[PDB]
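Peer 1: Questions regarding the structure given below will be posed in turn.
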Amino acid sequence: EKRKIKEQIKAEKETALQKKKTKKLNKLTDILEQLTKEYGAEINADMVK
Amino acid sequence: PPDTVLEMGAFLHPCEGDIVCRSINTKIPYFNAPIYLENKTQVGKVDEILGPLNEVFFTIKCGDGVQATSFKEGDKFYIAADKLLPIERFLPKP
Amino acid sequence: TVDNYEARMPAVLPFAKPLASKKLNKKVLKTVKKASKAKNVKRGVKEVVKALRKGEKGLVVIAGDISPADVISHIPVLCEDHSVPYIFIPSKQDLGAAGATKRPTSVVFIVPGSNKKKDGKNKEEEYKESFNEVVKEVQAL
Amino acid sequence: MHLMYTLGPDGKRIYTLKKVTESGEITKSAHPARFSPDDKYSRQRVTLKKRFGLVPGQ
Amino acid sequence: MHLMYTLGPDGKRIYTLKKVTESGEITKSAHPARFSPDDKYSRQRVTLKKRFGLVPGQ
Amino acid sequence: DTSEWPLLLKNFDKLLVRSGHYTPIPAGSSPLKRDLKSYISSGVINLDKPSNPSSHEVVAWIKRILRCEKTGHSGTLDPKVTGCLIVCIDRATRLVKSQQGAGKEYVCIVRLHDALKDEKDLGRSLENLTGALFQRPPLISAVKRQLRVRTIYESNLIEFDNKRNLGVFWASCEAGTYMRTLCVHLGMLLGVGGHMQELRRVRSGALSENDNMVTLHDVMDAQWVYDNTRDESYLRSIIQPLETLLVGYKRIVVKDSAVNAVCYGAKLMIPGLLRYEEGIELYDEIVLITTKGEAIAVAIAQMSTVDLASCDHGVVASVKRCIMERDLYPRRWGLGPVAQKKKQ
RNA sequence: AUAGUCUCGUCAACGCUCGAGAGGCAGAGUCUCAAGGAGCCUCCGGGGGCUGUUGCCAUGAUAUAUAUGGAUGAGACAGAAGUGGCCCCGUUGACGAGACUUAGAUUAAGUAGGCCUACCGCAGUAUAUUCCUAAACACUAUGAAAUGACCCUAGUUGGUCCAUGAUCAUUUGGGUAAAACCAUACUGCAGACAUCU
């Protein structure tokens with residue numbers, strides 16, 4: 001039973017981290033697309049970092 | 001006992017001192033093939049093969065000290081790999 | 001107006017057996033309405049098939065005027081697989097009306113004890129005798 | 001759905017928007033049933049249609 | 001023997017386990033009489049069936 | 001008007017006509033108009049076999065009663081079965097297996113070793129045993145006991161008494177199917193156990209119990225009547241021609257001048273073809289009949305319908321097995337126009 | 001050599017719903033949505049109407065949202081996961097690759113050798129025989145039947161068989177254990193395009 005509970009907790013943590021990473025990725029690519037549209041050219045990776 | 005045994009049947013009900021199993025294996029067993037557990041211990045041998053093609057049943061001839069009433073539903077019964085033969089043999093050839 | 005029992009008989013599918021008599025149809029519709037008040041009901045092919053697959057026990061009521069017939073043509077043998085009694089009624093509009101929905105439904109699965117609330121338990125206790133006599137009359141067929 | 005049909009004397013389809021025709025015959029839904037390739041109820045359908053002779057070629 | 005039969009409207013046999021049907025008709029045994037190759041009573045059987053026209057040739 | 005015509009001549013106007021005109025030869029006879037020796041030597045008995053003797057003993061009894069040169073059967077050797085048994089006499093033995101694809105029918109009583117908790121389950125179990133089935137022949141059967149697949153086409157539970165523990169059911173099955181194994185399997189699926197109490201064959205191939213079934217007393221009484229009275233009517237009544245075994249076969253009518261050549265082993269050609277079935281396919285098994293309705297041979301079709309209708313010459317059929325004797329019809333080959341033209 | 005067909009992967013041209021995603025379909029898990037509630041008026045605690053073309057959910061689709069639909073469903077998680085579950089245009093020409101052919105469509109009784117043989121078609125025979133003996137199945141002979149006989153941890157009234165012969169004893173005597181086809185050998189009959197008017 002303890003092993004099953006540990007597996008469920010690990011799965012919940014993994015899917016929460018997946019949701020957070022996808023949210024950050026889509027927000028960053030949206031603001032990057034807006035900045036590229038305003039700038040009119042390609043953006044350097046240093047600005048993204 | 002063989003090193004590799006495959007799950008053959010699932011318990012259905014006892015019948016006249018024999019164990020009836022619905023086949024959970026795609027292949028057909030040999031006649032008098034020994035029937036095992038996960039512990040590789042023999043409970044008996046295949047007595048009869050019956051049923052339609054979609055739903056095959058087999059009854060196990062129980063050995064000494066093996067009672068059909070001792071087993072419950074959901075128990076799995078195991079067979080050796082070489083004791084299975086393909087179902088295409090019994091069908092007529094094209 | 002004309003009752004849906006006599007109205008929907010030409011539309012009844014050939015495999016709709018056993019078909020309820022008019023008194024039996026009225027009793028089944030009343031029991032379905034009481035179960036819907038108890039919220040002890042599964043409506044539609046998806047819910048009924050899922051409840052049958054999980055192992056729920058009760059009574060299955062299937063409409064007869066279903067076109068196309070492949071919507072419900074797997075339900076009766078599936079009920080026989082899980083040892084659940086079933087009966088056919090000719091009207092799906094009456095089945096939907098008794099099943100507490102505005103639009104018609106194809107199949108209704110009365111599952112007693114499917115509500116977690118205590119009020120649902122009390123309603124289950126009050127429709128229990130009607131459910132029992134309906135199930136006995138269906139199995140007597 | 002809205003498309004309904006009946007069968008004529010020749011056996012061909014007559015398309016109507018009416019649930020009940022003027023002659024009083026109840027119409028049928030023209031569109032076929034929903035299909036999934038992972039359907040697992042061929043045995044049930046075949047058994048039920050075989051109880052009543054509804055299998056084609058039977 | 002248990003297998004009994006009665007005659008339907010079409011003339012074919014209806015098989016049953018009952019001595020008397022629900023309509024009240026007495027059922028007949030479906031199995032034939034016991035035969036012995038050393039039976040010596042063909043003359044008696046033929047004469048009695050000719051007296052009542054029960055011979056198939058007659 | 002052709003529906004009342006007997007045996008293979010039934011509905012002969014439905015046959016497509018290749019040649020409408022021929023000149024008859026006063027040779028042979030109708031199957032029902034044969035002399036008694038030829039009638040018995042080409043005879044088939046649909047017998048109501050009793051329970052106690054086996055089928056081999058019954059066939060030997062019929063051979064001894066009718067003083068045949070041989071008799072035969074192709075029935076399953078389950079003991080205690082009553083009902084339809086097809087006994088072929090002399091030449092008709094070669095058609096002992098002409099109706100194997102037709103199958104058989106049984107009415108069977110199953111005895112259950114215990115009372116079922118649910119009655120309807122028995123019927124459900126029977127519905128589970130309908131279809132292609134895994135069966136092994138019982139110990140009593142002379143066939144080697146290996147696992148085979150046998151098809152039960154349709155079954156129906158007639159009655160069931162749970163207090164008497166007896167269930168009567170009707171089954172239609174492929175040839176080679178054992179009902180003893182079916183009853184044992186029914187008991188195994190029910191779990192109470194069961195076996196076959198009584199068995200009755202109601203149909204064997206084309207012939208059924210309603211198709212002029214007689215008893216062994218009928219055979220012995222008819223032989224006695226013919227021996228002491230010289231009356232053939234009862235013996236002709238109980239004995240059927242072998243053409244009864246050839247119903248359901250596609251028929252080709254052969255000209256009289258082309259009959260005996262087929263009896264000598266010749267292929268049938270287009271000039272000898274007179275009438276034929278709709279839908280004859282290449283390599284089908286067919287029966288060659290005369291204008292009198294007597295069967296010449298079982299043959300294999302070498303042409304299809306278009307070739308049968310529109311080809312001027314060529315092989316129509318090849319003899320698989322000859323029923324008719326040689327020289328019953330005159331030898332008329334070599335007299336046709338094309339053959340005489342090439343000889344000249 | 002030439003030419004054709006089949007299986008394929010690229011380019012060009014011309015059309016189309018303009019073709020690879022933050023896509024769709026199928027399937028799995030969780031959650032939401034079905035007038036199941038509330039009020040009023042009648043009838044005999046329940047039944048019938050009214051609020052109610054109301055409410056709940058989804059939908060902007062070439063679009064009326066005062067609309068269209070709702071379990072023979074829709075929506076969110078999900079712009080996710082997964083695809084070793086599938087799907088995402090058509091015609092013509094050219095090029096390249098692998099193959100199969102390069103074909104004029106025969107035969108109104110066959111094939112191969114030295115007039116004759118052998119194979120081929122059909123129909124038969126044989127596939128161990130005699131004597132003694134063991135067993136099985138069924139019958140038959142003699143005696144035994146209504147307080148009939150047999151089986152079961154065994155009866156608030158068990159079950160099965162039974163003059164349509166059960167179940168017992170002696171042996172009274174005979175019967176059955178096939179047929180069809182394959183393979184081998186042998187024997188015989190024919191080589192037949194089917195006129196008859």
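Following the order of the structure tokens, first chain is A, next is B, and so on, with residues numbered from 1 inside each chain and ligands from 1 in the order they appear.
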What's around residue 123 in chain C at 10 Å? Count only C-alpha atoms (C1' of nucleotides), leave out sequence neighbours fewer than 5 positions away in its own chain, and write the answer as a list in words.

Peer 2: residues 34, 35, 36, 37, 38, 39, 40, 112, 113, 115, 118 and 128 of chain C

Peer 1: Can you tell me, as a ChimeraX atom specification, which residues in range 93-135 of chain C count as alpha helix (DSSP H) by DSSP?

Peer 2: /C:93-98,118-135

Peer 1: Residues as selected, C-alpha atoms, written as a short mmCIF file (atom, residue, chain, number, x, y, z; two decimals), in the first residue's frame, can you do that?

Peer 2:
data_model
loop_
_atom_site.label_atom_id
_atom_site.label_comp_id
_atom_site.auth_asym_id
_atom_site.auth_seq_id
_atom_site.Cartn_x
_atom_site.Cartn_y
_atom_site.Cartn_z
CA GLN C 93 -40.15 9.38 -25.82
CA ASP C 94 -41.94 7.77 -22.88
CA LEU C 95 -38.63 6.30 -21.71
CA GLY C 96 -37.04 9.75 -21.80
CA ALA C 97 -40.01 11.30 -20.01
CA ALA C 98 -39.84 8.70 -17.24
CA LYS C 118 -29.23 9.35 2.35
CA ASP C 119 -32.27 10.93 0.66
CA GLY C 120 -31.50 8.77 -2.36
CA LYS C 121 -31.36 5.80 0.00
CA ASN C 122 -34.81 6.66 1.38
CA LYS C 123 -36.19 7.00 -2.15
CA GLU C 124 -34.57 3.64 -2.96
CA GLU C 125 -36.36 2.12 0.03
CA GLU C 126 -39.70 3.52 -1.11
CA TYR C 127 -39.46 2.33 -4.72
CA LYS C 128 -37.81 -0.99 -3.74
CA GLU C 129 -41.01 -3.06 -3.58
CA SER C 130 -42.14 -1.80 -7.01
CA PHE C 131 -38.68 -2.55 -8.41
CA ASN C 132 -38.78 -6.06 -6.93
CA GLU C 133 -42.21 -6.89 -8.34
CA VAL C 134 -41.24 -5.47 -11.75
CA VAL C 135 -38.06 -7.59 -11.81
#

Peer 1: Mind listing as number ranges by chain which residues of chain C are within 10 Å of chain D, counting only C-alpha atoms?

Peer 2: C: 7-11, 14-17, 65-81

Peer 1: May I have the residues within 12 Å of residue 185 in chain G as number ranges by chain, using only C-alpha atoms (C1' of nucleotides) and disregarding those fewer than 6 positions away in the same chain?

Peer 2: G: 125-127

Peer 1: Hey, can you spit out that residue selection with N, CA and C atoms (P, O5', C5', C4', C3', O3' and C1' of nucleotides) as a PDB file, in the first residue's frame?

Peer 2:
ATOM      1  P     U G 125     -16.111 -56.847 -56.892  1.00  0.00           P
ATOM      2  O5'   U G 125     -14.891 -57.860 -56.792  1.00  0.00           O
ATOM      3  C5'   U G 125     -14.934 -59.116 -57.451  1.00  0.00           C
ATOM      4  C4'   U G 125     -13.580 -59.771 -57.454  1.00  0.00           C
ATOM      5  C3'   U G 125     -12.772 -59.604 -56.180  1.00  0.00           C
ATOM      6  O3'   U G 125     -13.152 -60.512 -55.163  1.00  0.00           O
ATOM      7  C1'   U G 125     -11.400 -59.149 -58.050  1.00  0.00           C
ATOM      8  P     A G 126     -13.100 -60.064 -53.623  1.00  0.00           P
ATOM      9  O5'   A G 126     -11.552 -60.127 -53.261  1.00  0.00           O
ATOM     10  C5'   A G 126     -10.819 -61.334 -53.403  1.00  0.00           C
ATOM     11  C4'   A G 126      -9.337 -61.093 -53.277  1.00  0.00           C
ATOM     12  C3'   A G 126      -8.906 -60.233 -52.105  1.00  0.00           C
ATOM     13  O3'   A G 126      -8.874 -60.951 -50.886  1.00  0.00           O
ATOM     14  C1'   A G 126      -7.770 -59.537 -54.057  1.00  0.00           C
ATOM     15  P     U G 127      -9.502 -60.309 -49.558  1.00  0.00           P
ATOM     16  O5'   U G 127      -8.325 -59.406 -48.988  1.00  0.00           O
ATOM     17  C5'   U G 127      -7.025 -59.944 -48.820  1.00  0.00           C
ATOM     18  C4'   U G 127      -5.980 -58.864 -48.719  1.00  0.00           C
ATOM     19  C3'   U G 127      -6.248 -57.759 -47.717  1.00  0.00           C
ATOM     20  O3'   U G 127      -5.975 -58.144 -46.382  1.00  0.00           O
ATOM     21  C1'   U G 127      -5.436 -56.833 -49.739  1.00  0.00           C
TER      22        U G 127
END

Peer 1: Need the shell around range 5-16 of chain B: protein/DNA/RNA residues with any atom at most 8 Å away, counting only C-alpha atoms (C1' of nucleotides). Skip same-chain ones fewer than 4 positions apart. Format as a PDB file with N, CA and C atoms, in the first residue's frame?

Peer 2:
ATOM      1  N   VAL B  20     -13.159 -26.843 -14.457  1.00  0.00           N
ATOM      2  CA  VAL B  20     -13.474 -26.239 -15.746  1.00  0.00           C
ATOM      3  C   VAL B  20     -12.768 -24.896 -15.818  1.00  0.00           C
ATOM      4  N   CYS B  21     -12.114 -24.629 -16.940  1.00  0.00           N
ATOM      5  CA  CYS B  21     -11.370 -23.397 -17.129  1.00  0.00           C
ATOM      6  C   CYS B  21     -11.745 -22.784 -18.463  1.00  0.00           C
ATOM      7  N   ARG B  22     -11.967 -21.476 -18.459  1.00  0.00           N
ATOM      8  CA  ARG B  22     -11.992 -20.738 -19.709  1.00  0.00           C
ATOM      9  C   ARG B  22     -10.562 -20.455 -20.142  1.00  0.00           C
ATOM     10  N   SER B  23     -10.262 -20.742 -21.404  1.00  0.00           N
ATOM     11  CA  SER B  23      -8.901 -20.593 -21.889  1.00  0.00           C
ATOM     12  C   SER B  23      -8.542 -19.122 -22.030  1.00  0.00           C
ATOM     13  N   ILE B  24      -7.447 -18.734 -21.386  1.00  0.00           N
ATOM     14  CA  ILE B  24      -6.870 -17.407 -21.531  1.00  0.00           C
ATOM     15  C   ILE B  24      -5.618 -17.453 -22.404  1.00  0.00           C
ATOM     16  N   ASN B  25      -5.451 -18.543 -23.147  1.00  0.00           N
ATOM     17  CA  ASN B  25      -4.344 -18.729 -24.070  1.00  0.00           C
ATOM     18  C   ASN B  25      -4.902 -18.876 -25.476  1.00  0.00           C
ATOM     19  N   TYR B  36       0.024 -26.452 -14.291  1.00  0.00           N
ATOM     20  CA  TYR B  36       0.898 -25.981 -13.231  1.00  0.00           C
ATOM     21  C   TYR B  36       0.314 -24.736 -12.578  1.00  0.00           C
ATOM     22  N   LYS B  40       5.263 -23.500 -10.153  1.00  0.00           N
ATOM     23  CA  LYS B  40       5.668 -24.591 -11.050  1.00  0.00           C
ATOM     24  C   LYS B  40       5.193 -25.947 -10.541  1.00  0.00           C
ATOM     25  N   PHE B  58     -11.523 -25.880 -21.118  1.00  0.00           N
ATOM     26  CA  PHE B  58     -10.895 -27.173 -20.898  1.00  0.00           C
ATOM     27  C   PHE B  58     -11.063 -27.587 -19.446  1.00  0.00           C
ATOM     28  N   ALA B  68     -11.063 -29.863  -6.469  1.00  0.00           N
ATOM     29  CA  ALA B  68     -11.613 -28.806  -7.311  1.00  0.00           C
ATOM     30  C   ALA B  68     -12.279 -27.721  -6.476  1.00  0.00           C
ATOM     31  N   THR B  69     -12.796 -28.086  -5.301  1.00  0.00           N
ATOM     32  CA  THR B  69     -13.483 -27.114  -4.457  1.00  0.00           C
ATOM     33  C   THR B  69     -12.505 -26.201  -3.729  1.00  0.00           C
ATOM     34  N   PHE B  71     -10.077 -24.526  -5.100  1.00  0.00           N
ATOM     35  CA  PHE B  71      -9.754 -23.380  -5.935  1.00  0.00           C
ATOM     36  C   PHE B  71     -10.942 -22.429  -6.032  1.00  0.00           C
ATOM     37  N   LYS B  72     -10.639 -21.144  -6.200  1.00  0.00           N
ATOM     38  CA  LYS B  72     -11.656 -20.109  -6.296  1.00  0.00           C
ATOM     39  C   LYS B  72     -11.573 -19.442  -7.661  1.00  0.00           C
ATOM     40  N   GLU B  73     -12.598 -18.650  -7.971  1.00  0.00           N
ATOM     41  CA  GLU B  73     -12.674 -17.988  -9.267  1.00  0.00           C
ATOM     42  C   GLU B  73     -11.590 -16.924  -9.387  1.00  0.00           C
ATOM     43  N   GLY B  74     -11.002 -16.824 -10.576  1.00  0.00           N
ATOM     44  CA  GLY B  74      -9.876 -15.948 -10.798  1.00  0.00           C
ATOM     45  C   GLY B  74      -8.523 -16.603 -10.636  1.00  0.00           C
ATOM     46  N   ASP B  75      -8.480 -17.858 -10.202  1.00  0.00           N
ATOM     47  CA  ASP B  75      -7.222 -18.587 -10.139  1.00  0.00           C
ATOM     48  C   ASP B  75      -6.737 -18.908 -11.544  1.00  0.00           C
ATOM     49  N   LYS B  76      -5.442 -18.721 -11.773  1.00  0.00           N
ATOM     50  CA  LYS B  76      -4.842 -18.974 -13.071  1.00  0.00           C
ATOM     51  C   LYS B  76      -4.096 -20.299 -13.053  1.00  0.00           C
ATOM     52  N   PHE B  77      -4.203 -21.028 -14.158  1.00  0.00           N
ATOM     53  CA  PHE B  77      -3.573 -22.327 -14.325  1.00  0.00           C
ATOM     54  C   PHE B  77      -2.660 -22.264 -15.537  1.00  0.00           C
ATOM     55  N   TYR B  78      -1.465 -22.829 -15.395  1.00  0.00           N
ATOM     56  CA  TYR B  78      -0.352 -22.597 -16.302  1.00  0.00           C
ATOM     57  C   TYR B  78       0.028 -23.879 -17.027  1.00  0.00           C
ATOM     58  N   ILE B  79       0.503 -23.730 -18.258  1.00  0.00           N
ATOM     59  CA  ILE B  79       0.888 -24.858 -19.093  1.00  0.00           C
ATOM     60  C   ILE B  79       2.273 -24.589 -19.663  1.00  0.00           C
ATOM     61  N   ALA B  80       2.969 -25.664 -20.018  1.00  0.00           N
ATOM     62  CA  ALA B  80       4.274 -25.535 -20.643  1.00  0.00           C
ATOM     63  C   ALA B  80       4.126 -25.047 -22.079  1.00  0.00           C
ATOM     64  N   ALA B  81       5.190 -24.419 -22.585  1.00  0.00           N
ATOM     65  CA  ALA B  81       5.131 -23.802 -23.907  1.00  0.00           C
ATOM     66  C   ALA B  81       5.060 -24.847 -25.013  1.00  0.00           C
TER      67      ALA B  81
ATOM     68  N   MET F 188     -20.815 -30.064 -18.680  1.00  0.00           N
ATOM     69  CA  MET F 188     -19.601 -29.400 -18.210  1.00  0.00           C
ATOM     70  C   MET F 188     -19.782 -27.889 -18.116  1.00  0.00           C
ATOM     71  N   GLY F 191     -22.111 -27.318 -15.121  1.00  0.00           N
ATOM     72  CA  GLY F 191     -21.425 -27.601 -13.887  1.00  0.00           C
ATOM     73  C   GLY F 191     -22.071 -28.687 -13.053  1.00  0.00           C
ATOM     74  N   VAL F 192     -23.326 -29.027 -13.347  1.00  0.00           N
ATOM     75  CA  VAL F 192     -23.982 -30.113 -12.629  1.00  0.00           C
ATOM     76  C   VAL F 192     -23.552 -31.458 -13.197  1.00  0.00           C
ATOM     77  N   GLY F 193     -23.072 -31.465 -14.433  1.00  0.00           N
ATOM     78  CA  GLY F 193     -22.770 -32.683 -15.148  1.00  0.00           C
ATOM     79  C   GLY F 193     -23.990 -33.225 -15.875  1.00  0.00           C
TER      80      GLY F 193
END

Peer 1: Mind checking which residues fall within 8 Å of range 11-27 of chain A, counting only C-alpha atoms (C1' of nucleotides), ignoring those fewer than 3 positions away in the same chain, and posting them as a PyMOL selection string?

Peer 2: (chain A and resi 7-8+30-31) or (chain G and resi 79-80)

Peer 1: Can you pull out every residue within 10 Å of residue 69 in chain G, counting only C-alpha atoms (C1' of nucleotides), but drop anything in the same chain fewer than 6 positions away, and send it as a PyMOL selection string?

Peer 2: (chain D and resi 1) or (chain G and resi 58-59)

Peer 1: Restricted to N, CA, C and O atoms (P, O5', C5', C4', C3', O3' and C1' of nucleotides), what would the selected residues look like written as a PDB file, in the first residue's frame?

Peer 2:
ATOM      1  N   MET D   1     -31.103  14.153 -35.619  1.00  0.00           N
ATOM      2  CA  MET D   1     -30.917  14.605 -36.992  1.00  0.00           C
ATOM      3  C   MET D   1     -32.261  14.915 -37.640  1.00  0.00           C
ATOM      4  O   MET D   1     -33.311  14.661 -37.052  1.00  0.00           O
TER       5      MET D   1
ATOM      6  P     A G  58     -20.721  25.362 -21.166  1.00  0.00           P
ATOM      7  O5'   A G  58     -20.762  24.897 -22.690  1.00  0.00           O
ATOM      8  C5'   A G  58     -20.059  23.741 -23.124  1.00  0.00           C
ATOM      9  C4'   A G  58     -20.475  23.321 -24.512  1.00  0.00           C
ATOM     10  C3'   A G  58     -20.315  24.361 -25.607  1.00  0.00           C
ATOM     11  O3'   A G  58     -18.987  24.449 -26.089  1.00  0.00           O
ATOM     12  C1'   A G  58     -22.440  23.346 -25.789  1.00  0.00           C
ATOM     13  P     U G  59     -18.372  25.871 -26.505  1.00  0.00           P
ATOM     14  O5'   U G  59     -18.995  26.156 -27.941  1.00  0.00           O
ATOM     15  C5'   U G  59     -18.774  25.267 -29.023  1.00  0.00           C
ATOM     16  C4'   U G  59     -19.728  25.541 -30.158  1.00  0.00           C
ATOM     17  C3'   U G  59     -19.755  26.971 -30.666  1.00  0.00           C
ATOM     18  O3'   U G  59     -18.694  27.261 -31.557  1.00  0.00           O
ATOM     19  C1'   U G  59     -21.968  26.202 -30.361  1.00  0.00           C
TER      20        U G  59
END

Peer 1: Residue 62 in chain C: which residues within 8 Å, counting only C-alpha atoms (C1' of nucleotides), same-chain residues fewer than 2 positions away excluded, as a ChimeraX atom specification?

Peer 2: /C:60,64,72,86-89,106-108

Peer 1: Could the residues in this selection be written to a file with N, CA, C and O atoms, as a PDB file, in the first residue's frame?

Peer 2:
ATOM      1  N   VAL C  60     -32.717  -3.402 -16.894  1.00  0.00           N
ATOM      2  CA  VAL C  60     -32.451  -2.682 -18.134  1.00  0.00           C
ATOM      3  C   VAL C  60     -33.749  -2.577 -18.927  1.00  0.00           C
ATOM      4  O   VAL C  60     -34.428  -3.586 -19.160  1.00  0.00           O
ATOM      5  N   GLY C  64     -38.032   0.370 -28.167  1.00  0.00           N
ATOM      6  CA  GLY C  64     -38.206  -0.470 -29.340  1.00  0.00           C
ATOM      7  C   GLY C  64     -38.104   0.294 -30.646  1.00  0.00           C
ATOM      8  O   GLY C  64     -37.709  -0.267 -31.671  1.00  0.00           O
ATOM      9  N   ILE C  72     -28.560  -0.279 -30.367  1.00  0.00           N
ATOM     10  CA  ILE C  72     -28.918  -1.078 -29.200  1.00  0.00           C
ATOM     11  C   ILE C  72     -28.816  -2.576 -29.444  1.00  0.00           C
ATOM     12  O   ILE C  72     -29.260  -3.359 -28.595  1.00  0.00           O
ATOM     13  N   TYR C  86     -33.570  -7.718 -18.661  1.00  0.00           N
ATOM     14  CA  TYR C  86     -33.883  -6.623 -19.566  1.00  0.00           C
ATOM     15  C   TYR C  86     -35.278  -6.818 -20.138  1.00  0.00           C
ATOM     16  O   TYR C  86     -35.773  -7.943 -20.240  1.00  0.00           O
ATOM     17  N   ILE C  87     -35.907  -5.708 -20.506  1.00  0.00           N
ATOM     18  CA  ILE C  87     -37.214  -5.738 -21.148  1.00  0.00           C
ATOM     19  C   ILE C  87     -37.303  -4.580 -22.135  1.00  0.00           C
ATOM     20  O   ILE C  87     -36.657  -3.542 -21.967  1.00  0.00           O
ATOM     21  N   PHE C  88     -38.086  -4.784 -23.191  1.00  0.00           N
ATOM     22  CA  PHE C  88     -38.278  -3.804 -24.250  1.00  0.00           C
ATOM     23  C   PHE C  88     -39.617  -3.103 -24.066  1.00  0.00           C
ATOM     24  O   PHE C  88     -40.613  -3.738 -23.706  1.00  0.00           O
ATOM     25  N   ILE C  89     -39.630  -1.798 -24.306  1.00  0.00           N
ATOM     26  CA  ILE C  89     -40.853  -1.003 -24.338  1.00  0.00           C
ATOM     27  C   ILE C  89     -40.901  -0.311 -25.697  1.00  0.00           C
ATOM     28  O   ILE C  89     -39.845  -0.042 -26.286  1.00  0.00           O
ATOM     29  N   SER C 106     -32.456   6.022 -25.310  1.00  0.00           N
ATOM     30  CA  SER C 106     -32.624   4.695 -25.895  1.00  0.00           C
ATOM     31  C   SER C 106     -32.774   3.619 -24.829  1.00  0.00           C
ATOM     32  O   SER C 106     -33.628   2.734 -24.948  1.00  0.00           O
ATOM     33  N   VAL C 107     -31.953   3.668 -23.785  1.00  0.00           N
ATOM     34  CA  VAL C 107     -31.887   2.587 -22.810  1.00  0.00           C
ATOM     35  C   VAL C 107     -31.686   3.181 -21.419  1.00  0.00           C
ATOM     36  O   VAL C 107     -31.026   4.212 -21.255  1.00  0.00           O
ATOM     37  N   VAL C 108     -32.310   2.552 -20.426  1.00  0.00           N
ATOM     38  CA  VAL C 108     -32.293   2.989 -19.034  1.00  0.00           C
ATOM     39  C   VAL C 108     -31.894   1.809 -18.159  1.00  0.00           C
ATOM     40  O   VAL C 108     -32.474   0.726 -18.274  1.00  0.00           O
TER      41      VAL C 108
END

Peer 1: Could you pull out the residues in chain E that DSSP calls strand (DSSP E or B) from the backbone, as a PDB file with C-alpha atoms, in the first residue's frame?

Peer 2:
ATOM      1  CA  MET E   4     -42.812 -39.205 -27.052  1.00  0.00           C
ATOM      2  CA  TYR E   5     -44.297 -37.528 -30.106  1.00  0.00           C
ATOM      3  CA  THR E   6     -47.531 -36.090 -31.441  1.00  0.00           C
ATOM      4  CA  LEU E   7     -48.665 -35.117 -34.931  1.00  0.00           C
ATOM      5  CA  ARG E  13     -43.647 -34.810 -35.539  1.00  0.00           C
ATOM      6  CA  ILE E  14     -43.720 -32.615 -32.446  1.00  0.00           C
ATOM      7  CA  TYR E  15     -41.456 -34.179 -29.833  1.00  0.00           C
ATOM      8  CA  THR E  16     -42.217 -34.034 -26.115  1.00  0.00           C
ATOM      9  CA  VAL E  20     -50.527 -36.183 -22.599  1.00  0.00           C
ATOM     10  CA  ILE E  26     -52.230 -38.682 -25.990  1.00  0.00           C
ATOM     11  CA  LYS E  28     -47.143 -41.805 -28.999  1.00  0.00           C
ATOM     12  CA  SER E  29     -43.756 -43.411 -28.401  1.00  0.00           C
TER      13      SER E  29
END

Peer 1: For a quick test of understanding: name the residues of chain F lying within 12 Å of chain C when counting only C-alpha atoms, and present them as number ranges by chain.

Peer 2: F: 118-121, 124-125, 127-128

Peer 1: Keeping only N, CA, C and O atoms, write those residues as a compact mmCIF listing (two decimals), in the first residue's frame.

Peer 2:
# COMPACT_ATOMS: atom_id res chain seq x y z
N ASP F 118 -30.80 -22.26 -12.06
CA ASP F 118 -31.51 -21.45 -13.05
C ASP F 118 -31.87 -22.33 -14.23
O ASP F 118 -31.00 -23.00 -14.80
N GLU F 119 -33.15 -22.33 -14.60
CA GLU F 119 -33.61 -23.15 -15.72
C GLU F 119 -33.05 -22.65 -17.05
O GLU F 119 -32.44 -23.42 -17.80
N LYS F 120 -33.19 -21.34 -17.32
CA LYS F 120 -32.92 -20.78 -18.64
C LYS F 120 -31.46 -20.95 -19.04
O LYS F 120 -31.15 -20.98 -20.24
N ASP F 121 -30.58 -21.10 -18.05
CA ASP F 121 -29.15 -21.30 -18.29
C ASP F 121 -28.90 -22.48 -19.22
O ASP F 121 -28.02 -22.40 -20.08
N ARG F 124 -29.28 -21.33 -22.61
CA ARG F 124 -28.13 -20.48 -22.90
C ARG F 124 -26.90 -21.33 -23.19
O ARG F 124 -26.17 -21.05 -24.16
N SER F 125 -26.71 -22.41 -22.42
CA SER F 125 -25.59 -23.30 -22.67
C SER F 125 -25.71 -23.93 -24.05
O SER F 125 -24.71 -24.02 -24.77
N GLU F 127 -27.13 -22.54 -26.58
CA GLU F 127 -26.80 -21.48 -27.52
C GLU F 127 -25.30 -21.24 -27.57
O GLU F 127 -24.78 -20.70 -28.55
N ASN F 128 -24.59 -21.62 -26.51
CA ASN F 128 -23.14 -21.51 -26.53
C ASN F 128 -22.53 -22.62 -27.37
O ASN F 128 -21.44 -22.46 -27.94
